[PDB]
């Protein structure tokens, strides 16, 4: 199925944070309104934060995460969790290789902020 796409409440601030666990340099692209809204890049094998930023959900609430390593799109897994009907986590893992640890770039989106 389509992965890494999440519908957020409109005009809502959310945080997006990316970690790396791979030999390769990860390029995390965050699209709000089908237009690019933030880009994280970095390399780590120790869960290093390669980016963190607060964005606004925009008119449509459509937020998309895309991961590529060396210009090759990683395979994505994703899901959304809601705790006490109020605290939202949009979760993405990605695989750039063959071991299928899906942690090569990990992306968390959380809202609401404040």
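Residue numbers count along the first chain shown, from 1.
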{"property": "Stretch exceeding the other in mean C-alpha B-factor - 44-52, 79-87", "result": "44-52"}
{"property": "Between the two ranges 101-109 and 8-16, the one averaging a larger CA B factor in the entry", "result": "8-16"}
{"property": "Position of residue 23 among the chain's modelled residues by C-alpha B-factor, lowest, middle or highest third", "result": "highest"}
{"property": "Ranked against its chain, the third holding the CA B-factor of residue 31", "result": "middle"}
{"property": "Cα B factor band for residue 38 (lowest, middle or highest third within the chain)", "result": "highest"}
{"property": "CA B-factor placement of residue 63, once the chain's modelled residues are sorted into thirds", "result": "middle"}
